[PDB]
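[1] When you get a sec, could you give me coordinates for this:
(chains A, B, C and D)
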Amino acid sequence: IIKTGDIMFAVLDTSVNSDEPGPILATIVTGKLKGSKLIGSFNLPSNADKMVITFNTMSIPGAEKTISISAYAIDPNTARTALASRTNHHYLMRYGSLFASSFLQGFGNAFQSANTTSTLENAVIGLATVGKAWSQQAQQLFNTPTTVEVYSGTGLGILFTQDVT
Amino acid sequence: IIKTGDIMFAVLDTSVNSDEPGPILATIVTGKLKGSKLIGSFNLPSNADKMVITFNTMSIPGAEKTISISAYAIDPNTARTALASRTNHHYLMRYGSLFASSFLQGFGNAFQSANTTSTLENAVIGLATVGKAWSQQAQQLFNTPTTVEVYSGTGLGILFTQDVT
Amino acid sequence: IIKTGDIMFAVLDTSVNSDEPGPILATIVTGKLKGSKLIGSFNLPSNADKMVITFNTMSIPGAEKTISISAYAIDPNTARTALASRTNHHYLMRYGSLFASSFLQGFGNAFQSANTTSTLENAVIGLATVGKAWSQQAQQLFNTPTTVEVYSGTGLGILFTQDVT
Amino acid sequence: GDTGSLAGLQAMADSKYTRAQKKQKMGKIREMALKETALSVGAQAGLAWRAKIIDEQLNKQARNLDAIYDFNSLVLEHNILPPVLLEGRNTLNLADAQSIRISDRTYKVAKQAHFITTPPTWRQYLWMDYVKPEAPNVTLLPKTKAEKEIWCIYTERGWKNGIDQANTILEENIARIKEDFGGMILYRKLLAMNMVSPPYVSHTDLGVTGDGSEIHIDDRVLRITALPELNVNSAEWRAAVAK
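    Residues are numbered from 1 along each chain as shown, chains lettered A, B, ... in the order given. There you are, the coordinates:
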């Protein structure tokens, strides 16, 4: 009997990035069930403020059984739901690419417009024509957000949801 | 036997931001039921002037039972419903980003227009073209509201709704 | 037996802002019902000149009974249904934001147009472009009403609606 | 406080206690989590350390235990463990109202005599098991020196508790082996007192036996037929004297 909503611990040792869903394994380290292994998955948040783990398929050694008590993760020694990782993965890359494409287009067109009032003409040429295609392609690729990624050496806490036997 | 609408106190130890829904637990430590822990979830409010915890699934130790009192939260030592956290999280960053994108657009266009009446031209170039894309993207991402977050070291007060055996 | 529409009194102890609906409790401290309590909710009016309490679920102590006399609340010693709170919460903030965004738009456009008849041009730049986006955002956010909030240490009077046993 | 009740009530009439209780509420809410884990690790460490120390002491002083506990002297001529006897003096029972049943002395056969191969030793009664744990895991780490100090003292109290439990188990085993030794020596003394029948055991001997493939040269089958028991005829009881 495990009560409805109590506390347990596990260790995460195999890392993954939050890109493709799949099975992920942890090992329960203390309490009633010893040597137990739990495979589950994750979810993708649209916002980069936290990251949590969907753990569903439990296995207890000794007896060859597979119960499916589902539980989630909390961050150890902070007792929060966030993941300790980086959230600035892909900001400045697309920022600099888009702004460079824009500044290229602006250089060519405005230094073309400043002609009335050969090398600088070729500068106008290159900037005026490589600004636009890179601008529309940067607006195309600007939509991919910053990813989060778990570590291969961090424990985790597991809070129960239902009772089992 | 629980009166229809009485007051209790519980121990909350795990924190969560208002970004991803999930089960959360507290622990009633006084009163008739001792050692009992209670899982439930939260709500996402339209205005962040309050934040409450939806608590529905109670477990009392001793017996293998899971009764179904749905219970809500009040801030202890306030006798109010407000959440003791920050609400100014994501105003100023998007404000400044929008204003900077605007100011870039304005710099390029007005100092391009005032030419008749190379480095300053390149300044006009850069701000003239990187203002617009950042302006539309800032208007795109400007709509994100300010989240709230409970803490991992403060308990709570719980008012009851229904009766249990 | 309670007459059809008499007056009783109770003491209200838990406060809430008029932001999200929720259960609220009061305790009848006089009359025949001693130690009895009452939970319910409130209302959100179109104009905030009053605030009433939708009080429906009545509990009598000792016995496990839950009668359903549903009744409302009036302000003490005014014999009216208003709330003792502040109603000027969110007028001047959006007023000042809208007026500043407008004045920015006006400064940029009119001091741009008055150029015919560098730093002053940069002032024209900044106000000319940060006026417009903040102006449409202020017209977007101008619609949020001024809320009320009940208090946690003031009693209440309850006029009855139906008879009970 | 409530001991100086009127002073405490007049202090609570001020709102300074109301602004002071809001932090001690959070303190007692966060207080109870560390104590159980500190008590658990202290209990395991103190129990293991005390058990190792006391087994070291037992291994040091093993010789005189063998000197005092001569089970081999207690066996009989057919290698049979003597049965266990218990005695009691001045018995009474107020079982209910209108009823008192008293008696002078009582004797009870605890465990019946049986055959044996080797005499039991004290090591089957007094050696404590020892599995040293070397796996410390922390639920919530101490951050403040106050919580570190209460974690330390609760670990120390768990160490003391494990010490007490080890002493309790040792004392119960001491009482158990002393009970068995007293029962055997009381059987011998009561047999000398001529109150208990000796065991009676017959023998059946057969010579060569088996088929053409298996032979046994001489086999003897020994079987106890009359178990020891107490007697009811009082006249056959020789008492004692001393000088």
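
[2] Next, the residue lying closest to residue A:69 once chain neighbours are set aside: phi, psi?
    When the adjacent residues along the chain are set aside, residue A:69 lies closest to residue A:164, with 4.8 Å between them (C-beta to C-beta, 6 or more residues apart in numbering or on different chains). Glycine gets a C-beta too; all of them are placed from N, C-alpha and C. When read as degrees, to the nearest 10, the backbone of residue A:164 gives phi -140, psi 180.

[3] same question, residue D:125
    Per degrees, to the nearest 10, the residue geometry at residue D:125, taken as phi and psi, is phi -120, psi -30.

[4] helix/strand/coil for the nearest residue to it once chain neighbours are set aside?
    In space, not counting the residues next to it along the chain, residue D:125 is nearest to residue D:177; the distance is 4.1 Å by C-beta to C-beta, 6+ apart. With DSSP: H, G, I helix; E, B strand; the rest coil as the basis, residue D:177 sits in helix.

[5] Also residue D:28?
    Three-state call for residue D:28 (three-state DSSP): helix.

[6] what about whichever residue of chain A sits closest to chain D, neighbour count?
    With C-beta to the nearest C-beta as the measure, the residue in chain A that lies nearest chain D is residue A:77; the distance is 5.7 Å. Close neighbours of residue A:77, defined as other C-beta atoms under 10 Å in any protein chain shown, add up to 13.

[7] for it, what are its contacts?
    D:140-141 (C-beta atoms under 8 Å, 6 or more residues apart in numbering or on different chains).

[8] So what does it have for phi and psi?
    Residue A:77 adopts backbone torsions of phi 60, psi 20, taken as degrees, to the nearest 10.

[9] Over to the one 10 residues further on?
    When quoted as degrees, to the nearest 10, the phi and psi of residue A:87 stand at phi -110, psi 0.

[10] how close does the closest residue to it other than its chain neighbours get to residue C:108?
    Among residues not flanking residue A:87 along the chain, residue A:48 sits closest, at 4.3 Å (C-beta to C-beta, 6+ apart). Taking C-beta to C-beta, to the nearest Å as the criterion, residue A:48 is separated from residue C:108 by 35 Å.

[11] of the two, who's got more company?
    Here residue A:48 and residue C:108 are set side by side on neighbour count (other C-beta under 10 Å), and the busier one is residue C:108, at 23 against 18.

[12] Double-check that the residue nearest to residue A:87 belongs to a helix.
    No: judged by three-state DSSP, residue A:48 forms no part of a helix; its state is coil.

[13] which residues sit against the longest strand belonging to chain A?
    Across chain A, the longest stretch assigned as strand under DSSP state E is strand A:53-60. Taking C-beta under 8 Å, 6+ apart as the criterion, the residues outside strand A:53-60 that touch it are A:24, A:26, A:33, A:35-43, A:65-73, A:150, A:156, A:158, A:164.

[14] These in strands, which ones?
    For the contacts of strand A:53-60, secondary structure assignment (DSSP E) places A:24, A:26, A:37-42, A:65-67, A:72-73, A:156, A:158 in strands.

[15] Return a PyMOL selection command for the buried portion of the contacts of strand A:53-60.
    Isolation of the buried members of the contacts of strand A:53-60 (16 or more other C-beta atoms under 10 Å in any protein chain shown) is achieved in PyMOL through the command below:
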select buried, chain A and resi 24+26+33+36+38+40+42+69+71+72+73+150+156+158
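
[16] tell me which parts of chain D are close to chain B?
    Where proximity means C-beta under 8 Å from any C-beta of the partner chain, the interface of chain D facing chain B comprises D:18, D:21-22, D:25-26, D:29-30, D:32-33.

[17] Tell me which residues touch the residue nearest the centre of chain A, please.
    By C-alpha atoms, centre = their mean, chain A has its centre lying nearest to residue A:148, at 2.3 Å. By C-beta under 8 Å, 6+ apart, the residues touching residue A:148 are A:17-18, A:48, A:51, A:83, A:85-87, A:89.

[18] Serialize those to JSON lines and add fields for secondary structure and distance to residue B:5.
    Putting those into JSON lines (DSSP: H, G, I helix; E, B strand; the rest coil; distance: C-beta to C-beta, whole Å) gives the following:
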{"residue": "A:17", "secondary structure": "strand", "distance to residue B:5": "49"}
{"residue": "A:18", "secondary structure": "coil", "distance to residue B:5": "44"}
{"residue": "A:48", "secondary structure": "coil", "distance to residue B:5": "41"}
{"residue": "A:51", "secondary structure": "coil", "distance to residue B:5": "39"}
{"residue": "A:83", "secondary structure": "coil", "distance to residue B:5": "39"}
{"residue": "A:85", "secondary structure": "coil", "distance to residue B:5": "44"}
{"residue": "A:86", "secondary structure": "coil", "distance to residue B:5": "47"}
{"residue": "A:87", "secondary structure": "coil", "distance to residue B:5": "43"}
{"residue": "A:89", "secondary structure": "coil", "distance to residue B:5": "49"}
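
[19] For ChimeraX, what selects the buried ones among these?
    ChimeraX command restricting the contacts of residue A:148 to the buried ones, with burial defined by 16+ other C-beta under 10 Å:
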select /A:18,48,51,83,85,87,89
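
[20] Please identify which of the residues of chain D next to chain B is nearest to residue D:226.
    Within the set of the residues of chain D next to chain B, residue D:32 lies nearest residue D:226; the separation is 65.0 Å, counting by C-beta to C-beta.

[21] Let me know the distance separating that closest one from chain A.
    Plainly put, residue D:32 is 13 Å away from chain A if you go by C-beta to the nearest C-beta, to the nearest Å.

[22] Point me to the helix or strand that includes residue A:107.
    Secondary structure assignment for residue A:107, by DSSP states H and E: helix A:92-113.

[23] May I have the residues that are in contact with residue A:82?
    Contact analysis of residue A:82 by C-beta under 8 Å, 6+ apart lists A:49-51, A:75, B:17.

[24] Pick out the most distant pair among those residues.
    For the contacts of residue A:82, with distances taken as C-beta to C-beta, the pair at the greatest spread is A:49 and A:75 (12.5 Å).

[25] name the helices or strands packed onto the helix or strand that contains residue D:189?
    Using DSSP H and E, residue D:189 falls within helix D:145-192. Judged by 3 or more C-beta pairs under 8 Å, 6 or more residues apart in numbering or on different chains; DSSP states H and E, the packing partners of helix D:145-192 are helix D:16-60, strand D:85-96, helix D:123-126.

[26] before we move on, back to that, just give me the closest of the residues of chain D next to chain B to residue D:8.
    residue D:21 (12.6 Å).

[27] Write out the residues of chain A neighbouring chain D.
    If contact is defined as C-beta under 8 Å from any C-beta, the residues of chain A in contact with chain D are A:9, A:29-30, A:77, A:79.

[28] now do 7 Å
    On the criterion C-beta under 7 Å from any C-beta of the partner chain, chain D has as its neighbours in chain A the residues A:29-30, A:77.

[29] which residues touch residue A:146?
    With contacts defined as C-beta atoms under 7 Å, 6 or more residues apart in numbering or on different chains, residue A:146 is in contact with A:48, A:87-91.

[30] at 8 Å what do you get?
    Residue A:146 makes contact with A:48, A:86-91 under the criterion C-beta under 8 Å, 6+ apart.

[31] List phi and psi for residue 120.
    With no chain named, the answer covers chain A. Summarising the backbone geometry of residue A:120 under the convention degrees, to the nearest 10, its torsions are phi -70, psi -30.

[32] Let me know how buried it is, in neighbour terms.
    Other residues within reach of residue A:120, judged by other C-beta under 10 Å, total 11.

[33] got it, and the one 5 residues further on?
    For residue A:125, the neighbour count with other C-beta under 10 Å is 12.

[34] That one is in contact with residue A:111, isn't it?
    No: when contacts are counted by C-beta atoms under 8 Å, residue A:125 is not listed as touching residue A:111 (10.0 Å).

[35] Lovely, talk soon.
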